[PDB]
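*Asks:*
There are 2 protein chains.
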Amino acid sequence: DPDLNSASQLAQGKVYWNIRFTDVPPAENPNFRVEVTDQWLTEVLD
Amino acid sequence: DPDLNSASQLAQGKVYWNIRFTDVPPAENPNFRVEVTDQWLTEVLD
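In structure tokens, the structure reads:
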């Protein structure tokens, strides 16, 4: 920790570390978005 | 047809083909163009 490890805190024995992380969230709702389009309809020409 | 087969024409079930041909016309007037020349008049020399 850059701010919490002050010279007054270090001189009392306190020394601080930060551990930031992200867990793996369980995919409780896998959503799917299906659509019928006409984008590749001109692909039937060759 | 590259133009008439669009993505919006094919989405309605329309698909276009072009059949361009040439009929064999009847020779109703064979024209003949007969002429006398002097190009082969110099052939009788050898």
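Those protein sequence lines, which keep their order, are chains r and f. Just so you know, we're using the entry's author numbering here: the first sequence kicks off at 339 and counts up by one. Just so you know, we're using the entry's author numbering here: the second sequence kicks off at 339 and counts up by one. Ideal Cβ positions, reconstructed from N, Cα and C, are used throughout, including at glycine.
Chain r partners of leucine 348 of chain f, CB-CB under 8 Å?
*Replies:* Within chain r, the residues whose beta carbon sits less than 8 Å from that of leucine 348 of chain f are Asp376, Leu379, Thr380 and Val382, listed in sequence order.
*Asks:* Are the beta-carbon atoms belonging to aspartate 384 of chain r and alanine 345 of chain f less than 8 Å from one another?
*Replies:* no
*Asks:* Rounded to whole angstroms, how far is the Cβ of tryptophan 355 of chain r from the Cβ of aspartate 341 of chain r, which I believe are closer than 8 Å?
*Replies:* No, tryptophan 355 of chain r and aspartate 341 of chain r are not in contact; Cβ-Cβ is about 13 Å, not under 8 Å.
*Asks:* Which residue marks the beginning of the alpha helix (DSSP H) containing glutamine 377 of chain r, and which one marks its end?
*Replies:* It is not in any alpha helix (DSSP H) - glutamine 377 of chain r carries neither H nor E in the DSSP assignment.
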